[PDB]
Amino acid sequence: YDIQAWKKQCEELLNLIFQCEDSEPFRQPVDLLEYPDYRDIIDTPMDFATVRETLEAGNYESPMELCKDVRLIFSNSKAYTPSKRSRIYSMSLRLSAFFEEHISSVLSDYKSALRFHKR
Ligand SMILES: O=C(O)c1cncc(Br)c1
């Protein structure tokens, strides 16, 4: 029932993501010189360094907010990909499955901690 535990759990999950080879295209903002039409398709760029910086700055109030930004990294890849069989998009799908499998307990524990507090 530790209401604050999610933060370190997210830091550790981000450390695992940064070690994953599948995160390489998503660690830093998409290089707009390499993909000149990127902002014509993508309204809100997102990447894992931005997520980590937002977390470390104390600018997420909950793991659900972090989860929305991570999910945006994946939806941006799905929206920008010219093919659902592309290399970078295929990396995003694997990384998304890894993230979802690991964030589930973080969200459950946080929500449980809030419920206990309210009780
Ligand atoms: O070239 C691609 O397949 C691709 C997919 N998702 C994001 C980016 Br940037 C590129």
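Residues numbered from 1 in each chain as written, not as in the entry; some residues may be left out. Heavy atoms only, no water. Residues with missing side-chain atoms left out of burial classes, pairs and counts.

The name the PDB entry gives the protein chain is PH-interacting protein, with Homo sapiens as the organism. The record deposited in the PDB is entitled "PanDDA analysis group deposition -- Crystal Structure of PHIP in complex with starting material".

**What to know about the overall build of the protein chain**
Using the following cut-off: Helix numbers and strand numbers start at the N terminus; a helix is a DSSP run of H or I with at least 4 residues, a strand a run of E with at least 2. Note on contacts: a residue pair qualifies if any of its non-hydrogen atoms lie within 4.5 Å across the two residues.
Regarding its fold elements, the protein chain presents five helices and zero strands. Reading the secondary structure of the protein chain in the N-to-C direction produces α-α-α-α-α. In terms of overall dimensions, the protein chain has a C-alpha envelope of 50 × 25 × 20 Å along the principal axes. Taking all contacts inside the protein chain whose residues are at least 6 apart in sequence as the whole, residues at least 24 apart take part in 71%.

**Let's talk about the side chain of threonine 81**
Definition in use: Buried residues are those whose accessible area, probed at 1.4 Å on protein chains only, stays under 20% of the maximum for their type, while exposed residues exceed 50% and partly exposed ones sit between those limits.
With respect to the helices, strands and loops of the structure, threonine 81 is situated in the loop between α4 (63-80) and α5 (87-118). Note on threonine 81: relative accessible area 16%, which makes it buried. Those residues in contact with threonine 81 that lie beyond four places of it in its chain are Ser86 and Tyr89.

**Overview of the site of the ligand**
We apply this condition: Working definition: residue near molecule or strand if any one of its non-hydrogen atoms lies within 4 Å of it. Any pair of nitrogen or oxygen atoms within 3.5 Å is treated as a polar contact; in protein, a donor-acceptor pairing is required on top of that, and neighbouring residues in sequence qualify only through side-chain atoms on both sides. Only the protein chains shown count as cover for residues, with accessible areas throughout obtained via the Shrake-Rupley method and a probe of 1.4 Å. Only protein atoms enter the 1 Å grid used here, on which a cavity is any set of points holding a 1.4 Å probe that cannot leave and a pocket is any open set flanked by protein within 12 Å on both sides along at least five of seven lines; residues with an atom within 4 Å of a point are listed as lining. More than half of a molecule's atoms lying within 2 Å of a cavity's or pocket's grid points is what places that molecule inside it. Residues are grouped as follows: nonpolar covers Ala, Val, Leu, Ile, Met, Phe, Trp, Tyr, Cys and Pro; charged covers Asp, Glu, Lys and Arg; every other residue, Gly included, is treated as polar.
Close to the ligand lie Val30, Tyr35, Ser77, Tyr80, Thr81, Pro82, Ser86 and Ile88, which account for all nearby residues. Between the ligand and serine 77, the relevant distance is 3.0 Å, taken from a nitrogen atom to a side-chain nitrogen or oxygen of the residue. Contact distances for the ligand include 3.5 Å between an oxygen atom and a side-chain N or O atom of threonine 81. Here the ligand, which alone exposes 300 Å², has 87% of that area covered by the protein. Among the cavities detected, the one that contains the ligand is the largest pocket. Its residues assigned to classes, the shell around the ligand shows five nonpolar, three polar and no charged.

**So, the environment of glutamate 65**
Counting through the fold element by element, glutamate 65 comes out in helix α4. Separated by 14 residues in the primary sequence, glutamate 65 and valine 51 have C-alpha atoms spaced 9.9 Å apart. A distance of 2.8 Å separates a polar atom in the side chain of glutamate 65 from the backbone nitrogen of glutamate 61.

**Details of the packing of helix α3 (residues 48-56) against α4**
Selection rule: Here an axis means a line fitted to C-alpha atoms, over the contact stretch when the element is a helix, while the angle between two N-to-C directions is reported on a 0 to 180 degree scale. Geometric relationships in this document are graded by angle, where less than 35 degrees denotes roughly parallel, more than 145 denotes roughly antiparallel, 65 to 115 denotes roughly perpendicular, and other angles denote oblique.
Where α3 contacts α4, the axes come no closer than 10 Å and their chain directions differ by 170°. Taken as axis vectors, α3 and α4 run roughly antiparallel relative to one another. Taking contact as the criterion, the partners of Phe48, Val51 and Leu55 in α3 are, on α4, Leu66, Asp69, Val70, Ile73 and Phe74. For the contact of α3 with α4, the class distribution of residues is seven nonpolar, no polar and one charged.

**Focus on the nonpolar core**
Going by this rule: Nine residue types can take part in a nonpolar core, namely buried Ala, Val, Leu, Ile, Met, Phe, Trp, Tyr and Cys, and a core is a set of them joined through side-chain atoms within 4.5 Å.
Core analysis: the biggest nonpolar cluster contains 25 residues, and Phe48, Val51, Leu66, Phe99 and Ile103 have the highest contact counts within it. Counting residues per element, the ones that place at least two in this core are α1 (6-19), α3, α4 and α5. At seven residues, the largest contribution of residues to this core is made by α5. When near neighbours in sequence (up to four residues on either side) are disregarded, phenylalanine 99 contacts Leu13, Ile17, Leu66, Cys67, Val70 and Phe74.

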